[PDB]
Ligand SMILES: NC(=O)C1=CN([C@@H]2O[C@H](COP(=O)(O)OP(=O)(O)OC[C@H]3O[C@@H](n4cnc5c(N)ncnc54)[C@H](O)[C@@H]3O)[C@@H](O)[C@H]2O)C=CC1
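Listed next as C-alpha cells is one chain, alone, in the form solved without the named molecule.
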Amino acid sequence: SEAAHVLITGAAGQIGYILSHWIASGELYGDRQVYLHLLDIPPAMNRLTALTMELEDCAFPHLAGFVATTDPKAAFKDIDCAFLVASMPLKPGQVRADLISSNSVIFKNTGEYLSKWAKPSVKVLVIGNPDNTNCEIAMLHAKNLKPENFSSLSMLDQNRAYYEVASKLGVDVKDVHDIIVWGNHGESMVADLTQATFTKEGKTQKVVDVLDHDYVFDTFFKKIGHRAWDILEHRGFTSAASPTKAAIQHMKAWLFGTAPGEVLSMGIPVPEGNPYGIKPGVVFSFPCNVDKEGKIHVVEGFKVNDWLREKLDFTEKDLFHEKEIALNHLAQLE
C-alpha cells in the first residue's frame, strides 16, 4: 500500500507534538504507513525541528517520512487527511465577533489550499476554535471539494460528558449510553442527557429519571462548560492529550467506520432532510455513525422533547449568526 499523507497544522504546538507521535505509532491507519505533513508558522520552526528529531528517535515502522515546513503547498500537497489544529487566538480586548472574523481569513485561505493541492478525497477535521464556523468557511472556499470532505471535532465534549455522568452515577463509562453533544461549541452547545440510559444491578434506566433536575439541567452543563478552564488553572496550559485522543478517535471512525451501536457526536455540514429539524447551511454537531465506506451518517431515532427543541433552535440560530459575521467580514475585505 502507498503511505497515507496526513497534515497537522500548528504542528509545533502541544497537540501537534502528541498527535504526530500517536499517528506515527500506527494508531490511526493500522498497518498502512503514514507520511506526515507538519505545518507551522515561521517563529515556530525551531520547535518544529525539535518535533521532527523526536519522531526520528522513535524509529517508528509506520513512519514513511515527513514534510516539516512553513510552506502551504508542501504542507497540503496530495494529502489524504488533515487535522486543522491551528487557529488565531483571541487577543486582549477582543470579543467573539473578532475571533470569528480573524479566523475567517485563515480558514478561507486554508479552504483554498485544500482545494488546490489536497487529494479530492481528503478528509478534513477542523479542531481550531471557533471550529464549526472555521469548518463552514473552509468548505465554502474549497471550490473542488464537497461537504463530505469536512467535519469538526465535538468528541472531546462527548467524552467529558460520559465521564462526568458515569462518575455521578457511580458506574463505568461503558455502562452509560447515548449521551450526545449537539450544535455549536461555546455557550450554545447542547450537552444532551435526554436520550441517555445507564445500567446497574440488572436495570437499565434513563439518566434523567434518576438524577436530580437541578443536576441535569444546571449543574451538569456548568461542569462541562468550565472544564477546560479548570484544567488550564491546574495545568498552566490548555488541554492537549485529551483533545488529541478525541481527534484520533474521530478520524479513525471516519476512515474505517464505527462499531455496532456506537454513537459519536461529530460536527458536519447539515444534511438536507436530517431528521432533527436543522436547517442546511452550517456545520452542526449531530449524533453520528460512519459506515464501512467512511461516510458519516446522522443517527436516526432520537427524540426531541420541548427542552431539546429549544436548545437545538438556539444553537442553530447561533451558528447562522456566526456564519453571517464571518462572511460579512470577508466581503468587507473584498
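All residue numbers refer to positions in the sequence shown, first residue = 1.
22-30 and 65-73 differ in mean CA B-factor, and the higher of the two is recorded for 65-73. Relative to its counterpart among 51-59 and 296-304, 296-304 has the higher mean temperature factor, C-alpha atoms as listed in the PDB entry. The entry assigns its greatest Cα B factor, within the set 160, 91, 250, 123, to 91.
Within the group 135, 240, 231, 156, the record's highest C-alpha temperature factor is found at 231. In this PDB entry, residue 221 carries a Cα temperature factor that places it within the highest third of its chain's modelled residues. Residue-level temperature factors show residue 3 in the middle third of its chain, judged at the C-alpha atom.
The deposited CA B-factor of residue 215 belongs to the highest third of values across its chain. Per-chain ranking of the deposited C-alpha B factor places residue 130 in the middle third. For residue 148, the recorded CA temperature factor ranks within the middle third of the chain's modelled residues.
One more form of this protein exists, namely the form deposited with the named molecule bound; it is left out here, but the text below deals with it.
Figure legend: unbound chain with the named molecule modelled from its position in the deposited bound form by local C-alpha superposition. Site open, with zero ligand atoms within 2.4 Å of backbone or C-beta atoms. Shown here without its partner, the chain carries 12, 88 and 239, all of which come within 4.5 Å of the named molecule in the deposited bound form through at least one heavy atom. 99 is the sole member of 99, 79, 176, 142 with a non-hydrogen atom lying within 4.5 angstroms of the named molecule in the deposited bound form. A heavy atom within 4.5 Å of the named molecule in the deposited bound form is found for one listed residue only; from 279, 295, 47, 309, this is 47. Interface membership of residue 188, defined by any non-hydrogen atom within 4.5 Å of the named molecule in the deposited bound form, is ruled out. Although the partner is absent here, residue 128 sits close enough that one of its heavy atoms falls within 4.5 Å of the named molecule in the deposited bound form. Put simply, residue 111 is far from the named molecule in the deposited bound form: not one heavy atom of it is within 4.5 Å. Using a 4.5 angstroms threshold between heavy atoms, residue 153 counts as touching the named molecule in the deposited bound form. Only one of 39-47, 297-305, 23-31, 56-64 lies within 4.5 Å of the named molecule in the deposited bound form by heavy atoms, and it is 39-47.
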